Each structure stands twice: as structure tokens, then as C-alpha cells.
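K.L.:
Turn this into a model:
(8 chains)
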Amino acid sequence: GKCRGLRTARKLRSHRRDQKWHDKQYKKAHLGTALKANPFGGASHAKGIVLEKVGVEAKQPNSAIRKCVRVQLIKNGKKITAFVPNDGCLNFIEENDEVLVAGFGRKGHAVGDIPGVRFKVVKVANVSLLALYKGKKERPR
Amino acid sequence: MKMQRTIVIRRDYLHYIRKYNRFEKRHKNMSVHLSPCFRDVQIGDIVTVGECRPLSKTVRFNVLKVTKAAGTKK
Amino acid sequence: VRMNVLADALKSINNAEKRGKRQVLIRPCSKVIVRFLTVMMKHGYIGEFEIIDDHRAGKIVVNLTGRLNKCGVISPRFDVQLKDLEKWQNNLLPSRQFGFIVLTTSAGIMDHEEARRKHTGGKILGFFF
Amino acid sequence: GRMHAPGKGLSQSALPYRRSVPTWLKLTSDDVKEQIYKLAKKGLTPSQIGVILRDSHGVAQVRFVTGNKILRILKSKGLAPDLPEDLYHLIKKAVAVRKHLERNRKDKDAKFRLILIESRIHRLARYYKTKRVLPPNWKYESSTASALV
Amino acid sequence: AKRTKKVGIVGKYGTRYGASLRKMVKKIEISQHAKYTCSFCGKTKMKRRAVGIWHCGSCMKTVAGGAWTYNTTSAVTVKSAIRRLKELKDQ
RNA sequence: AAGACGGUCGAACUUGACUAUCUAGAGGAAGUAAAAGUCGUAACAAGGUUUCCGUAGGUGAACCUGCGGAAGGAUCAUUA
RNA sequence: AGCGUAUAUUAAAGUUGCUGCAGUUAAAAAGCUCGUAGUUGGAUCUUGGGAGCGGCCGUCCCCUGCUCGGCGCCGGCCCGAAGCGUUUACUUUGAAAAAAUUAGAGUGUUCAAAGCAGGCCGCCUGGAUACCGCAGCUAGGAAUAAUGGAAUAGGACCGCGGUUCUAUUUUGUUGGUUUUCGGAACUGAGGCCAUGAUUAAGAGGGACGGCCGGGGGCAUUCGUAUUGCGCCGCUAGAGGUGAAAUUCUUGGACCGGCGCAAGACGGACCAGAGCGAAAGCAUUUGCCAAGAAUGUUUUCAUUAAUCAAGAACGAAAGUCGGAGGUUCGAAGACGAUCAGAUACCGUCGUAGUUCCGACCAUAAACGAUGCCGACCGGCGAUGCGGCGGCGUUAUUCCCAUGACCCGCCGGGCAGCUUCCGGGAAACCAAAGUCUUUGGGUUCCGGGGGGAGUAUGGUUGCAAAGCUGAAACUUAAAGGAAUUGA
RNA sequence: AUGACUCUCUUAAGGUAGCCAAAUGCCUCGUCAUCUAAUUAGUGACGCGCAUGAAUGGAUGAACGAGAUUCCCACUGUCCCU
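P.N.:
Numbers count the residues shown, from 1 in each chain, chains lettered A, B, ... in the order given. This is the structure:
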């Protein structure tokens, strides 16, 4: 504190408000631009129509082609690059199958090598692709 | 005093902001009904009023006594 | 401008204890600071002192015992309660064994050990441990 | 320090402790007032009067010797001025500087010394309304000022 | 009520003649028609009558100044240069 | 009782501007990121003409040259 | 009997900082000064007893009064009522504050979460209390922080002398009026109080005295040089450079002379010296308003500090119209240089360089360091002012004024020394008095880029100036110090 | 594809700011976009410009016009058809 008076109380209080808009983890919070951009719009999961399988290269030191997808969502009708996780699970998306996309760890901030990609898979039409890996459920014909 | 048969009065006081253990000035104007039997009033004179039934849209006060400004003698 | 007197004087004596003079002259004098001074010289944190009436305001020449780590003031003088004096002392004196908080009550300028016996809150002036 | 320039100077008179009047000073408090009426009838200020006493007619402090200080003995009878001695000067100095920015149009300094004299009359004046010596719709206007040297 | 945000006497010209001539006319078409204090009598009624030829309409005295103002500028120091060559010779 | 002036209260539809959020685009351009691309090296050591600020003009491109700064300089210094 | 993943939110963060952070170089203090709202404001008026309690010591009780009903006492006193006795804030109590939630008593649901029930071989027992901001209502205290009162006395407190409106305390019944007292309002002459003005801040404003400074503004006198011309010599090269050449020369260039002419700039003396609000300011005289410091047993009496909006000034470049064009010199033309140089150097040269008028408002506008206030070490210089003291020197004739010599005090620009202290260190007598965290107040930063960008509003003739985002992009930018190469 | 770069012949230099199928571009009814059911038209960009280019003036612009040109709402015997 710096303006020590006994009846200042507002001088003091018009200054912190002013200030807190400089704060990032807040302004990112207190304007409508964060939710205008966002694909999910404000949400923890949101389903979508796949449309092609796609390999993304990884960034340096590392190298290895990373296996992703390109989804169109429902609500917005918007197009995201996503990312499969497990080994040999891409053989389980057929083109234009439906997936439950999720977030990926750190909120609007990617993980590791792969550029742009902020989203990933939990389900592939009413049963989780975790299970498919193990084999605890298998696919309908 | 400009309105005919009436005046407006200033009423100052303070308000406890609790986070910061301090105060901030606050004011509330209100209109008052000065009735000509008080033949002499100026700006700044203290006035003592009391609640009563609505004399207009925005009047619910009537004047009871002048209490004069300091100095003022000449 | 010298907007507030006490805290001229109270740093002064502290800054004459860190250094360590046999006695300290403190300039314009009041009936709050001489008062405060007698509250200190009632628990032994200084010794006996002389005020010098020059026809303006006084000067005071305290004699400083080296039993005085720090004296200090609080500003502005907040308005305290009997329910709100734990959480000064519990954040302004060092230990639960020693320390004192001078404040001003209607029944006199005195230390926080006594205003709990007379059951009276009020304002706040400074501390000494 | 000084209100209107960096100077943090110091330099004043220092009045003594005992207040009662000295020995040789014969002049009685009801003999001296002829001298304060006579040096005030001459176009000379109660400060200026306050000197001429304290060099030639040897006296400690005029207050002590009477009861009342020098604005009081002049003004209740009818010999003192209408504006304070200190406001007269500031104005007179105003009127020798703005007159200087006539034919020396480009003397920029003067202009910056003339936006501190008018911040010292107004300021001295608004005091003088609250203790009630100036009538309250008073106005230092340089236009009119020249009149009252 | 203020009636024009920058056009002095030169409202009397509207859109004509182009910006920077209307600015250039403002500085001459305000000084020519002014009044000045007659130094002789003291009043405030010098006033032009034609090109560089001026007339107090109180004490009927008449002067030769500049076309558009009452002193020309180095005729103010032409008087203070002839006055100063009255110093060099007389001794 | 049916109905007819006059009165209020008055939804709805037609005509205009004011205002809010998203949206198409010839052509013009910024920026950002991507393993063996091309011309030159301005910068870091007196980086081979000391460096940087302001402002003006030039030059394929880093960048120059004018005028006044500042050492964040390569001198805390130089002799009656 | 669960445990992971995804997103919202808190604690972590003293990474929003009221408690409680930063701002010389890490991100960051307006180029300067004034200024209204805001916040913040020196000291000074009631202080010593007598009893009462137990072991000089610590407690309690005594420090404004002027119609009725009871403590009775003798129209006199003590005591309860009927009404009142500068005004605020602060503070201790008193009402007034639905439940349920929280806290908390009590009770063995078989234990807990919970509930409002239960216990004794008809009856005994509960269904508790506390907390419930601010605002308003009520009674005590009167320290600390705000407002008042007696000055051309339109002043307190007392008595005396009229006038005018006037309920009946009174003239057994009926006419009426002064009688008689109370209850409004005016007013003349008096007596009386100790009759009524805190203090003059190591706060400010202003006066006055002899000084001081490249402070500012208008005229004025000087100085050598560079450049152009006019003559008088003698003669062949003269510029330029690391080395050459473009450029000048028997059409007399360069060096030598005596003249004249203009357009710049003020050498050495010039200092870790000076004055200014910042930018800034150096030839001799004359004049015109200003200034800080010192000196003062002069006067006013809190008149002050900091400052959103608004205002005055603001190098150098850059603009608009004249006046002026010696030197230098962005643009351009050549000569050398190099692989190429539209760069260094070299030969010329426009805008510009200089005055008078009005715009523009930014610079590493720097001490990369807010202004006012208190305090905390030692020395050697220095500038301005005042004071004390041996002795040389000047005006000779000494009075005091100048010049040299050793201190004392006040304000100024800097140094040196050090375990006052601080810090991340470099380093700082401030960058100190900071977990031993509060003297008052103004601007401002919150990981890097994107980006001082887009846009809109604003100001300008123009360049541009003030305000000023977002999507996207990334685990490091960065600071001070070590060893190496 | 493309050409930032590199050389090489030449003149007194060799077209620097800007500005275009124009009241100025042969090929030409140049070609992408805009207005129509359909457009050698009108307007918005692209420059290769036969022969654009700076007081032989270059680029821009409020007001103005019995001046040259396009399209929309109004209104009509100009047309259907007299």
C-alpha cells in the first residue's frame, strides 16, 4: 500500500480495478474474445464429424510423424485438427466416423512436439477407444 | 432557493469500505419546502427538517428552523 | 512540512538507540509525546527525562536505556474495538511473553494490558517492545 | 522551502525568552501612540514603521511595550489602509512586469515570472475572504489594476 | 454564441479563392480596419482613409504611416537611427 | 336487444432512419512457423569507417549520409 | 469400493500487494514548471488534595444549576418526580433483529452421518445459549479528531423609568372603567466583570539593508581569420593522399604587399568554477524589469504540502512568407576503392546552415535515480553571504575600504575516508533508518514476441503527436558477477 | 514457373515520383472482378504502356456548370395500338 490516508478508500479502490485489467490470467478471463475464438465455445467436451486422416510432423530435436485427424464439430460447424493417442489406434477411425473430442492438458496450450494441436479423443461412437486398445469391446458390422 | 416556495439542501457523510479499513465521502441532495414565515434564509444556513406526506413527486420535507451561518452579522 | 509530530520523535529515539547516545534531544514537543514517554518510563524501557520550556514549544532530553530494540508508530490512528485488539497484538508485538501497544481512551492514554481491565477500546498511537 | 523557486533557505529573527520591558526605555505605552499615528499619516506601511522605531527610538518589541500589535492601533481609529500591505505590493510588482511585456514582446522569461505573481495574489486573496477583510465579490483584474499602484 | 470556428472577417468570402489565401487575407483585412490611439490627443480613434494615409477624427491631425498599419516596422527604428546620427556629429 | 356517430385505451400489418453481432470479396499487403534454396554480411573484440537516441534525405537488401545529443566508450588522468 | 481423464473455480501468489511487493542497470518515474477537484495538514485552555479500604504502595467516593411530592427537619435546608441544560465522529452498555444453515450445551441412533428426542418398577425430565457487517433507536466516558462564542461591542449578570396588546386573583344581581396582577413587543438613562485580542513554529507569505551570478530582453563597440575583388612583385607548377586522379595554372595558379568588401564564429584566459523552472547561457559600454542566498529583538498570523482536468516554456532536425547568402553541407554529378560499393576517403554543390515574423511538441529532453518533511559518521578542498582574529601589502597621512593569512555560521556544486546501514552485485552517507513490515502525496510495471501494429476518437498546413486493442505465437528472453577460449 | 543476383554493348543522360485499354493503348469487343434474364456499354483493380509522365507541368480536390458519360426511384401517348 502507498496512499495511506484515512478517507482515501476510493482513490485506493479505483486504482486496483484499473490495474487488474493488466493481469492476464484475468483479462483473458474478463473480455468476450476468449470465448469468441474457442472451438468448444465454453465446454469440456464436444462431438464431431471426422473427415480425413492426417499425419503431422514433429518439431526438433525430436522427429517422428504424428497421427492426427481433422474433425468438423456439430454446434458451431467448425473444423479442428485433433490427435489420436495410443499405438495402432488410427486403424480404428474410419473416415467420417464420429468422435468425442476433449481437451489435452493445459487449456489452450499444446503438448510437446506437435504444433497447433490442442485437442484429442476419448470415444468413437458410444464406446471408448481406450477399451478398443485393450480389446474389452469390439466394433459393430 | 430558486424554485418558488422551496429550496434544495446538501447532506454529507461517510461510508465504511471494509476491505481497506477506511472511508470515502458521499453526498445526497434533497429538495425542501421553505415556507415564507422564515422570512430570511441564504445558501449555507443550516436547516432542520422533518418527514411529512408527499407535497409533490419529489417533496416529502418541511422546514422547522433556521440555524444561521457563522460570522454573518453585518 | 512537518505534518505529524509523534513520529518525528519516535524514530529519533530508536535511531539514537541503534547508534547509542547517553541521551537524545527531540525537537517540537506535545502533550501526546511527553504522555507516551511517561507510559514507557512506567515499564522501564527508558529512564527519567527533562522537558525544556522555551516559549514556543518545548524540547525534551530523554535518557535512553539500552533496553529498546525499536519504537514505532501507526498512522493514521485507526478506530479499534474490544473485539478487534487480539489481531493487532497478534500481528504487531513480537512474543506472547513481552510487548505493549499504546492507544488513547476517554479514560486516558495507556497500554493494552490496562484497557482490557477497564474494558475500553478507542484509537491507536504506536507500540513498544 | 520557498513557495515559488528551489531555495531551501533559512534566516530569521529570534525573539528572547523574558517578555517584560527593558530599563532605559522610559517611553510610556500612552506616550508612544502619538509616534505610531504620525509615521502612519505619511504613506508608510506598519512594517516600515516597525523599523524606524527599532533603530532610532530603541525598543525591544512594540507589542510588549503596549498591549496590542501595530495593525490594531492604526485601524480601529481611522489611519490605516483598506487593502493589506502585502497584497498592495504583489499587485504593484504585477504592474511593473506585464508593463515590461509591452515593448519587449519576446522577453520570454518575464512571462514565466508573470505566471507566478498572479498565482500569489489570487492565492493571498482567497485566504483574505475566509477571515473576512475583503468584500467577497472582489477581483484582481490587471485591466483595472493600474489604478491602485 | 460564437458564429465561426476559424474564419475571421473572411466569412465574407465563403468557399472562394482557396484556403491559404483566405488565411493570408485574414492577417491584413483585420489590421487595416482597426482603430489606434492618437498619440497627440490620447483618444482611441486613428483610422485609415486610404492607402497609407491616416486621420484622427477628434483633433483633425493627419499622418503618413504604412499602407495597412500605422507604423511601418523599420520606420520605427528609422526614427531611432536618425535620432542616433544626431549624437555622432553634434559632440 | 340488434346497430350508428363521438371519445379513450389500442394490438397488428406498410413505409422510412437509428443501432448491435456475425458474413461474401478482383486486387493490395502485415505478421508467424516449417532439416540440406539464392544474393550479401549490418551486428557482438578499436567486428575491421566506435555503438546507440531523436529527426530529415538516399539505397537491390541487411542498412547509409546530414545536423544536435548521450557513454549504455576504446579516456575517471597529461604536467608554466 | 473404488480409481483415472477433460473443463469451471479457490488455496498455493507478499505473481495485485489494505494487512503486504515493486520502479540506477532485470518490466517500469510525465522534457520542465504552475493548477482546480481530490487526499493530507505545528504547538496552546483542569491541574491537586481531603477523608474511606486492608498489606509509603494499590483500589473507591466527594470537583453548572434553577414547580410539585417524601427523609423529615424548622416561609428557610436534604431528597424523588414535571420539564431542560454548542453540535458532530469515536467509544461501553441497553432495546429491536423470522426459520433452516453455521458455532455450541445435553441425550449410547448398537458406532458415525445424523435427529429432538428420552429416563425411573403411573411418574420425573428437554426441546438450551452464542454469532447475526453497514444504517437508525437508547443510556454512560470526554482522553483523541472536527464546529462554534465578546471588536464600528448590535457583548454577559444585575437593578430602575415610561409606552402599547391584555386570561381575571378583585368591585353580592344588571350596565363600565381605570383599579390589582401576570403575559407579549418595543426602548432611554445607568451601575457592575481583573470587562473581552494564546503564541510568534530551526512552517509560509511580504517589507527593508549592502552585496552576487556566461540568469532574460533592446540598442551599441571590438577582434583576427575564412571567402570574393583591386592593383604591385617574381616565376613554374599548385591542390589532394595509404598511393593516385577528378580539379586550378605563361589567359600569371601558389607564396609575398598595400588597400576594400561582406557573411559567419567569439580562440587561448575556461576550472569536476558560476546562474537559470527545463531546454540552456562566454566580445566593450548604456539602459529595463526580474532572482537565490545571507543579514533582521522589523510586519501578517496558519495564509501551507502533493496534485485527476485545464494552462506557460520547451535542443537539433522539419514547415509557411519575407530579408540574407562567407563557410560548411542531406539530395545530385564525377575521381579513386573493391570480386560488386548506389559505403569510408577525394573535387565540386542544391535544400539547409544565419536574421525578423508564426507553426510543430519530440531526443540516451540522463544522475537511465518523484517533490516537501525528520533523523544517522570522519576529513581536504571549493563558491556566495555574514561574523571573530595575530602579521605582511596598497592608497602615505592614516580613518576604513581592496589585496594575502587562520577559524566560526548559513544556503550551493562536487570530493575523499570507514564493518551507520543496505543490496542480486556493480555499488549507494543514500539506493540508509524495511517480517524490528504504517511521516504526507502524485505518476507507473505484472513472462517473451505479435506491437506502439489494426481501428476508432482526438490535434496539425504537412510530416507526424496524445490516446490505443485482438487472433494468433512460445520455456525462455533477461540482470550482475566467475573461470576459460 | 519465377526471377532478388551476374555479366555485356552503348550514348549528352538513357523514364525518377506518381498515374492507365483513359477526352491518350494499334493488336482490341486486352483479361480477372462488379451492375443485367442477356451488356463492343459504366464503374473497381491488374501494366506488358504501338506513341503516359512532371510551370512544354505531374498527381489530388469543397463549391460551381444551358459542358461529355453510366445506372437506380419518381413520372408519362416514346412504344404495345391507336
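
K.L.:
Bridged to the closest residue in space to residue C:89 that isn't next to it in sequence, which residues?
P.N.:
Spatial nearest neighbour of residue C:89, chain neighbours left out: residue C:101 (5.9 Å); criterion: CB to CB, 6 or more residues apart in numbering or on different chains. C-beta: built from backbone N, CA, C; applies to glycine. Beta-bridge pairing for residue C:101 (DSSP bridges): residue C:127.

K.L.:
Pull the number of nearby residues for whatever residue of chain A ends up closest to chain B.
P.N.:
Across chain A, no residue is closer to chain B than residue A:9, which sits at 3.7 Å (CB to the nearest CB). By other CB atoms under 10 Å in any protein chain shown, the residues close to residue A:9 number 21.

K.L.:
contacting residues for it?
P.N.:
Contacts here follow CB atoms under 8 Å, 6 or more residues apart in numbering or on different chains; on that basis residue A:9 touches B:17, B:20, B:22-24.

K.L.:
close enough to count as contact, the residue nearest to residue C:89 and residue C:111?
P.N.:
Yes: Residue C:101 is within contact range of residue C:111, at 6.9 Å (criterion: CB atoms under 8 Å).

K.L.:
So between these two, which is more surrounded?
P.N.:
residue C:101 (21 against 18).

K.L.:
Excluding sequence neighbours, find me the nearest residue to the residue of chain B at minimum distance from chain D.
P.N.:
Across chain B, no residue is closer to chain D than residue B:71, which sits at 6.0 Å (CB to the nearest CB). Distances taken as CB to CB, 6+ apart put residue D:132 closest to residue B:71, at 6.0 Å, once the chain neighbours are dropped.

K.L.:
and the residue of chain D found nearest RNA strand F, what are its phi and psi?
P.N.:
Across chain D, the shortest distance to RNA strand F (CB to the nearest atom of the strand) belongs to residue D:108, at 19.8 Å. The phi and psi torsions at residue D:108 (degrees, to the nearest 10) take the values phi -60, psi -40.

K.L.:
Counting neighbours, what do you get for it?
P.N.:
By other CB under 10 Å, the residues close to residue D:108 number 10.

K.L.:
ok, back up a step: can you give me every residue that contacts the residue nearest to residue C:89?
P.N.:
Neighbour list for residue C:101: C:85, C:88-89, C:92-93, C:111-112, C:124, C:126-127 [criterion: CB under 8 Å, 6+ apart].

K.L.:
among those, which two are most distant?
P.N.:
C:85 and C:126 (14.7 Å; CB to CB).

K.L.:
Between the two, which is the more surrounded one?
P.N.:
Each of residue C:85 and residue C:126 has its neighbours counted (other CB under 10 Å); residue C:126 has more, 21 against 17.

K.L.:
mind listing the helices for chain E?
P.N.:
Here chain E has its helices, by DSSP state H, at E:19-26, E:79-82, E:85-90.

K.L.:
and among those, the most buried is which?
P.N.:
Most buried of the helices of chain E, by mean neighbour count (mean count of other CB atoms under 10 Å in any protein chain shown): helix E:19-26, with a mean of 13.

K.L.:
check which helix or strand covers the residue of chain B closest to chain D.
P.N.:
For residue B:71, there is no host helix or strand (DSSP states H and E).

K.L.:
what about it, neighbour count?
P.N.:
Counted with other CB under 10 Å, the neighbours of residue B:71 add up to 9.

K.L.:
ditto for residue C:28
P.N.:
14.

K.L.:
could you list every residue that touches it?
P.N.:
C:2, C:5, C:8, C:56-59.

K.L.:
want to try TSV for the residues you listed, with neighbour count as columns?
P.N.:
Output for these, formatted as TSV (neighbours: other CB atoms under 10 Å in any protein chain shown):
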residue	neighbour count
C:2	8
C:5	16
C:8	15
C:56	10
C:57	13
C:58	17
C:59	15
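
K.L.:
from those, which is closest to residue D:136?
P.N.:
Distance from residue D:136 was checked for each of the contacts of residue C:28 by CB to CB. The minimum falls on residue C:2, at 32.6 Å.

K.L.:
these two touch, right, the closest one and residue C:8?
P.N.:
Yes: distance between residue C:2 and residue C:8: 6.6 Å, which falls inside the contact criterion (CB under 8 Å).

K.L.:
Endpoints of stretch D:130-142, how far apart?
P.N.:
Separation of the first and last residues of stretch D:130-142 by CA to CA, to the nearest Å is 23 Å.

K.L.:
Kindly report the same for stretch E:22-30.
P.N.:
Start-to-end, stretch E:22-30 (CA to CA) is 12 Å.

K.L.:
does that stretch come close to RNA strand G?
P.N.:
No: shown here: stretch E:22-30 not in contact with RNA strand G (CB under 7 Å from any atom of the strand), separated by at least 7.8 Å.

K.L.:
Residues touching that stretch, excluding its own?
P.N.:
Taking CB under 8 Å, 6+ apart as the rule, stretch E:22-30 contacts E:7-10, E:13, E:17, E:68.

K.L.:
ok, and which of those residues reach chain B?
P.N.:
Applying CB under 8 Å from any CB of the partner chain to the contacts of stretch E:22-30, one finds that nothing falls near chain B.

K.L.:
now those: which count as buried?
P.N.:
Listed as buried from the contacts of stretch E:22-30 are E:10, E:68; burial here means 16 or more other CB atoms under 10 Å in any protein chain shown.

K.L.:
In the contacts of stretch E:22-30, find the pair that's most separated.
P.N.:
E:7 and E:68 (19.4 Å).
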